[PDB]
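Participant: Please read through the structure below; I'll follow up with questions.
Nothing in this text is a laboratory measurement; each read-out follows from the coordinates by a stated rule. All Cβ positions, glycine included, derive from the backbone under ideal geometry; neighbour counts span all protein chains shown.
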Amino acid sequence: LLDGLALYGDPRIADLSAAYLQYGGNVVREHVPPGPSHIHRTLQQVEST
Amino acid sequence: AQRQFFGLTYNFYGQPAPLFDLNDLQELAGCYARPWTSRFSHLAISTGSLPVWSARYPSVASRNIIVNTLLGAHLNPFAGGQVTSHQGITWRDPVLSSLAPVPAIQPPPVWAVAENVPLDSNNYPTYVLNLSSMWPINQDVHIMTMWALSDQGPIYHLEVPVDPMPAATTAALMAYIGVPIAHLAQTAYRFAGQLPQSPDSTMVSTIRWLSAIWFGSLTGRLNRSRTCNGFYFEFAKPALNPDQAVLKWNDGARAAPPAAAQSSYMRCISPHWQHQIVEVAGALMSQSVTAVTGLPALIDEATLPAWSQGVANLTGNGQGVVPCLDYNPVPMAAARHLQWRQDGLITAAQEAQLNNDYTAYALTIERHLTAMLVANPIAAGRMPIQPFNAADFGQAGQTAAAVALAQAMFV
Amino acid sequence: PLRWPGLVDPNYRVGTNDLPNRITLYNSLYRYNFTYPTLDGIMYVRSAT
Amino acid sequence: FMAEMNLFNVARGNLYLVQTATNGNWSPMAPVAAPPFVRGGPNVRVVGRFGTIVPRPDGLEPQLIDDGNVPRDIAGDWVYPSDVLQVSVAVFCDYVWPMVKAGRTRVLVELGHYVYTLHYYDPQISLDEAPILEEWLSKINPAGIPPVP
Amino acid sequence: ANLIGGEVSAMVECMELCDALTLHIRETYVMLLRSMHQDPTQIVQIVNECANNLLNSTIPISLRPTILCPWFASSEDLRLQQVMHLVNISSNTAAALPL
Amino acid sequence: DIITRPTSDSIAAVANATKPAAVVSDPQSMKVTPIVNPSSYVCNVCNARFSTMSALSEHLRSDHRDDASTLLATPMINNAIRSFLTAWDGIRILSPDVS
């Protein structure tokens, strides 16, 4: 489900992104910011209280 | 709960008698020969998205129109205090469960034909006694009145308070994420239909907000970049599924509440509504709220047709008289697209395309209706669709004021 | 009484609460009765011509 | 051959299906009156290319999808291209055919040429042609069809 | 009583022994599910489009007030899911062959 | 019960004398087959064929029950698709897994 983030690389993630490099030096990068979560909101509420 | 209501019957368009026949009275979609709580029975079970219509019910509004005309001939108890019969047909019982041929024992007096008769529930005392079982009559009569008052499209009411949306309503609202508007209207109709409800209620306030939210999204003022309270209505491309607008919740920005309380009456000023589902859904949904809570205030007579001038408990021209705005869908769509590009959801090139698509789509609606009218002349005896003139498709109405209200409403 | 506003307060709105500061024990809520449909369908193939 | 195909048990033109209860003479292979509801006539509907049907709730009877991709009322006059029939004989046998037997609708089957077959009967005793047709329908499939009886 | 499915209501509003915090969690979970809700009527169009209009289909369904079909997912979720696939594969790229 | 004093014999004899048959064997019969086929029964929502009215009644009494049946929690939740029917040959396809 999420293992690759822990098993390989640095887990300190910020915002995932994938890209490909063209020989002409141009870089095409596609960000994938997550959509509106719901559990995160209530979790932050739980922490606050 | 509300214990009294008022109403008004339809107006004959020069014809001498109410415009329906016995077969119409025999082919209602609900229980046999009863008009109550039947305005959605023809689509309780559905498949696909195609609108449902037939040879003698050729428009989405046709069935409701027929039902309204049908009721006009049998609502005498709320005017004359007595049950009557018309063409040998009357109610089974004083509770008005359903219609049936007159029995040959104690035939009730024959109804005298008339139009636009004002209605008052207090003329029929048994209604108060049997309120728990006669409740759906309240909703349907109110709905009929809200349509009878207009020559061009059903009238309904909008309002937004100065306070933010109360928490209790938010709890109820979330049950309806991702459901299209038509389904919501069906649910709203069922709610106010079965049992009596107090005007104060979480559910009542919930639906009222829904009506406001949808209008805000209809103008494009409310969108995924500017939500009411996280809520807004999503839209599909008009070139396909032009009506499958659904409710969405989002974590984005919220519009600030208005400076003062806003409220107005609304109407569609063009015949397009007769075959466009969303207009019917929005109108019925708003009317459902007014049905349980009654009319907040009298309606302005100024822009209404002749027979609607000065109805006792309905229309007026005094001080506490809420004005009524009207609009045309096509310019409304143009405004909605303009809001989207201003808010940056789309580029101007798309906005030009969307207007072309919608105008083409609207043209088919006009072309369908105008051809359907000549197929069902009103002089035949029944009025499946409301008459109109070709120029009525081009009227802009008060559309500019309408979008101005929404901008003043959600800010 | 601070933990029971929804029970002993005449000025208690429905559904309100001061969650970030303290926890109340008696509250109003919605209980749901959702339905979970299943689909059976018929598919038609296009004619030859 | 194109002028004498009948001698090879091959017929030309379309096929009609109308409930007719005659008492006198009958001559299906040489009609005398002009056929009704020729294609393109008033209130004549042609089926959609899928031959699909749609149900309706609470009393409303089903509707059929025409070429214009619009549900239409079953009663009346209808035109079936043979191919649509070959892929939708079941729904036809279940919804349209009973209405035909009730005499509330008329169907024109479009098929340029076909093999026919005859069945003679005594005009004196009673008879009902429906079972023969119902059998003939039962043997149609997407592959092929039996000769017209 | 509201939205009576013949005998029983679709949802009720009651007050009972209940702590706000747990209630807050439960409500959000409902909001999550409803966010996944899909209108069933659109399925037939989804099928017809996915079939490149080679198939035409009908799926009748009754429309009750409370009805849940948690089948929808936004493009963002799928795009994120795709990226997640690359990450989990990263240690052994050869694992993608079975696709 | 209620008394049933038998009538006089002569009246009975006269009545019994005049009793034409109800049905006769007449070649000419203008016979007419039933409008609806009575040999098979189809489920109007899933088009499952059946041999008797009883069997069809039970099938809809099980497979097409829209009841809000249980106030207790449902033991299971099914997937979206249960089955499909191919019209062109009347073959029903079952989802490899609906549960």
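Participant: Over chain D, what is the percentage of antiparallel beta bridges among all DSSP beta bridges, to the nearest 5? Numbers along the way, then the final one.
Facilitator: Working: 12 of 22 bridges.
Bridges in chain D that DSSP calls antiparallel: roughly 55 percent.
Participant: With a cap of 13 neighbouring Cβ atoms within 10 Å, and only residues DSSP puts in a loop, list the trypsin sites (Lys or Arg not before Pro) found in segment D:32-110. Please list the in-between numbers first.
Facilitator: Working: sites: D:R39, D:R45, D:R49, D:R72, D:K101, D:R104, D:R106; in loops: D:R39, D:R49, D:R104.
Those that pass, being in a loop and sparsely packed, are D:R39, D:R104.
Participant: Viscosity 1.567 mPa s, temperature 4 °C: give me the Stokes-Einstein translational D for the protein assembly as shown in µm²/s, with Rh taken as the Kirkwood radius over C-alpha pairs.
Facilitator: Values: Rh = 31.7 Å.
My calculation gives 41 µm²/s for D.
Participant: Rg (Å, one decimal) plus Dmax (Å, integer) for the alpha carbons of chain B?
Facilitator: Here Rg and the maximum Cα pair distance are 21.2, 73 Å.
Participant: For segment E:1-48 and segment B:111-149, what is the separation of their Cα centres, given in Å?
Facilitator: The two parts, judged by their Cα centres, are 35 Å apart.
Participant: Tell me the mean residue ellipticity at 222 nm calculated for the protein assembly as shown from its helices only (DSSP H runs of n ≥ 4, each -39500 (n - 2.57), averaged over every residue, nearest 500).
Facilitator: -9000 deg cm²/dmol
Participant: On average, how many beta carbons from a partner chain sit within 10 Å of the beta carbon of a residue in D:122-135?
Facilitator: Values: counts 1, 0, 2, 5, 7, 3, 5, 1, 5, 1, 0, 0, 2, 0.
Taking all residues of D:122-135 together, the mean is 2.
Participant: Among bridges DSSP assigns within the protein assembly as shown, what percent are antiparallel (round to 5)?
Facilitator: 70 percent
Participant: What are the ³J(HN,Hα) couplings of segment A:29-40, residue after residue, when phi is run through the Karplus curve with 6.51, -1.76, 1.60 and θ = phi - 60°? Round to Hz, x for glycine and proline.
Facilitator: With coefficients 6.51, -1.76 and 1.60, one gets 10, 10, 7, 10, x, x, x, x, 7, 10, 4, 4 Hz.
Participant: Shielding by partners for E:77-83, please: the mean number of other protein chain Cβ atoms within 10 Å of each residue's Cβ. Working shown, then result.
Facilitator: On the way: counts 3, 1, 8, 5, 1, 3, 6.
Averaged over the peptide's residues, the number is 4.
Participant: Something else about it: Taking only Cα atoms and a 10 Å spring cutoff, compute GNM fluctuations for chain E and point out the largest among E:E27, E:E13, E:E49.
Facilitator: Among E:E27, E:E13, E:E49, the largest mean-square fluctuation in the Gaussian network model of chain E belongs to E:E13.
Participant: What share of all Cα pairs of segment B:41-113, in percent, falls into each consecutive 5 Å distance bin?
Facilitator: Final binned percentages: 3, 13, 21, 18, 13, 12, 11, 7, 3, 1.
Participant: What are the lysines whose alpha-carbon lies under 24 Å from the alpha-carbon of F:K31, with same-chain residues fewer than 8 places away excluded?
Facilitator: Cross-link targets: D:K101.
Participant: From the P(r) of segment B:236-322, can you give the percent of Cα pairs sitting at distances over 20 Å?
Facilitator: Values: 2158 of 3741 pairs.
Counting pairs separated by more than 20 Å, the tail of P(r) holds 58 percent.
Participant: Further question: How about segment D:61-149: which chymotrypsin sites (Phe, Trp or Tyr not before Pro) there are in a DSSP loop, with at most 11 other Cβ atoms within 10 Å of their Cβ?
Facilitator: Numbers: sites: D:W78, D:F92, D:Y95, D:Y114, D:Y116, D:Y120, D:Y121, D:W136; in loops: D:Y120, D:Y121.
Passing sites in segment D:61-149 are D:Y120, D:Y121.
Participant: Continuing with the same structure: Show me the chymotrypsin sites (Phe, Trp or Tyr not before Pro) within segment B:1-105 that DSSP assigns to loop and that have at most 13 other Cβ atoms within 10 Å of their Cβ. Don't skip to the end; give the middle numbers.
Facilitator: Numbers: sites: B:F5, B:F6, B:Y10, B:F12, B:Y13, B:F20, B:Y32, B:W36, B:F40, B:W53, B:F78, B:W91; in loops: B:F5, B:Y10, B:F12, B:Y13, B:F20, B:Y32, B:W36, B:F40, B:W53.
Passing sites in segment B:1-105 are B:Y13, B:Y32.
Participant: Count the DSSP beta bridges whose two residues both fall in chain B, then state the antiparallel fraction as a percent rounded to the nearest 5. Write down the numbers at each step before the final one.
Facilitator: Working: 19 of 29 bridges.
Roughly 65 percent of the beta bridges in chain B run antiparallel, per DSSP.
Participant: Using modelled backbone amide H atoms (1.01 Å from N, in-plane), which distant-in-sequence or interchain residues come within less than 5 Å of B:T227's amide H?
Facilitator: The list, which skips near neighbours in sequence, is B:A253, B:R254, B:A255.
Participant: Please give the average number of partner chain Cβ atoms lying within 10 Å of the Cβ of each residue in D:67-73, rounded to a whole number.
Facilitator: Values: counts 0, 0, 2, 3, 6, 2, 3.
Taking the mean over all residues of the peptide, I get 2.
Participant: May I pose another question? Using only the Cα atoms of chain F, construct the convex hull and provide its projected area averaged over every direction, in square nanometres to one decimal.
Facilitator: Numbers: hull surface 65.3 nm².
Mean shadow area of the hull around the Cα atoms is 16.3 nm².
Participant: Next question. Which distance in Å, rounded to a whole number, links the C-alpha centroids of segment F:55-91 and segment A:14-39?
Facilitator: 44 Å
Participant: Separate question: Could you grab the relative contact order for chain F? Cα pairs under 8 Å, six or more apart, rounded to a whole percent. Spell out each step's value before the answer.
Facilitator: Working: 50 pairs, mean separation 13.2, N = 99.
Once divided by the residue count of chain F, the mean separation gives 13 percent.
Participant: A further question follows. Obtain the radius of gyration and the Kirkwood radius of chain E from its C-alpha atoms and give Rg over Rh.
Facilitator: Details: Rg = 20.7 Å, Rh = 18.2 Å.
Looking at chain E, the ratio lands at 1.13.
Participant: Roughly how far apart, in whole Å, are the Cα centres of segment B:256-335 and segment B:1-28?
Facilitator: The distance from the Cα centre of segment B:256-335 to that of segment B:1-28 comes to 21 Å.
Participant: Using the number of other C-beta atoms within 10 angstrom as an exposure proxy, rank B:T9, B:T47, B:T347 with the fewest first.
Facilitator: On the way: B:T9 26, B:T47 20, B:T347 11.
Taking fewest neighbouring Cβ atoms as first place, the list is B:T347, B:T47, B:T9.
Participant: Among B:164-172, E:60-68, how do they line up from the highest to the lowest mean number of other beta-carbon atoms within 10 Å? Mind showing how you got there, number by number?
Facilitator: Numbers: B:164-172: 18.1, E:60-68: 20.0.
Final packing ranking: E:60-68, B:164-172.
Participant: How big is segment D:1-87 by Rg and Dmax over its Cα atoms, in Å?
Facilitator: 16.8, 55
Participant: OK, next. Output wanted: per-residue J couplings in Hz (rounded whole) for segment B:378-392, from phi through Karplus 6.51 cos²θ - 1.76 cosθ + 1.60, θ = phi - 60°, x for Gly and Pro.
Facilitator: 5, 5, 4, x, 10, 10, x, 10, 6, x, 7, 10, 4, 5, 5
Participant: A further question on this structure: With +1 on each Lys and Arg Cβ and -1 on each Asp and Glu Cβ, how big is the dipole of the protein assembly as shown about its Cα centre, in debye rounded to the nearest 20?
Facilitator: Working: 49 positive and 64 negative charges, 48 e Å.
That gives the protein assembly as shown a dipole magnitude of about 240 debye.
Participant: For a quick check: sort C:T38, B:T359, B:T399 by the number of other beta carbons within 10 angstrom, fewest at the front. Mind showing how you got there, number by number?
Facilitator: Working: C:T38 18, B:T359 13, B:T399 22.
Sorted ascending by nearby Cβ count, the order is B:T359, C:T38, B:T399.
Participant: Moving to a separate point now. Quote the convex hull volume per residue of segment B:83-176, based on C-alpha atoms, as a whole number of Å³. Please list the in-between numbers first.
Facilitator: Details: hull volume 18.7 nm³, N = 94.
Output value, Cα hull per residue: 199 Å³.
Participant: Explain nothing, just compute: Karplus ³J(HN,Hα) = 6.51 cos²θ - 1.76 cosθ + 1.60, θ = phi - 60°, for every residue of segment C:26-40 in order, whole Hz, x for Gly and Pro.
Facilitator: 10, 8, 9, 8, 10, 10, 9, 9, 4, 10, 10, x, 10, 10, 10
Participant: Report P(r) for chain C: all Cα-Cα distances, bin width 10 Å, range 0 to the bin holding the largest distance, values in whole percent.
Facilitator: P(r) for chain C, in whole percents per bin: 18, 28, 12, 11, 10, 10, 9, 3.
Participant: As a footprinting exposure proxy, order B:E366, B:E27 by other Cβ within 10 Å, with the fewest listed first.
Facilitator: Numbers: B:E366 19, B:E27 15.
With the sparsest Cβ surroundings first, the list reads B:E27, B:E366.
Participant: Treating the beta-carbon of each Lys and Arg as +1 and of each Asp and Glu as -1, no other charges, what is the dipole magnitude of chain D about its Cα centre, to the nearest 20 debye?
Facilitator: Values: 10 positive and 15 negative charges, 57 e Å.
So the magnitude is around 280 debye.
Participant: State the three equivalent ellipsoid semi-axes of segment B:337-376, derived from the C-alpha gyration tensor as the square roots of 5 times its eigenvalues, in descending order and whole Å.
Facilitator: Details: eigenvalues 207, 13, 4 Å².
Value: 32, 8, 4 Å, ordered largest first.
Participant: Specify which residue in the list D:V87, E:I61, A:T42 is farthest towards the positive end of the charge dipole of the protein assembly as shown, using unit charges on the beta carbon of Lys, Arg (+1) and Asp, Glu (-1), about the Cα centre.
Facilitator: Going by the Cα projections, it comes out as A:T42.
Participant: Determine Rg/Rh for chain D; Rg is computed over alpha-carbon atoms and Rh is the Kirkwood hydrodynamic estimate from the same atoms. Can you show the working numbers first?
Facilitator: Numbers: Rg = 16.3 Å, Rh = 16.8 Å.
My calculation of the ratio gives 0.97.
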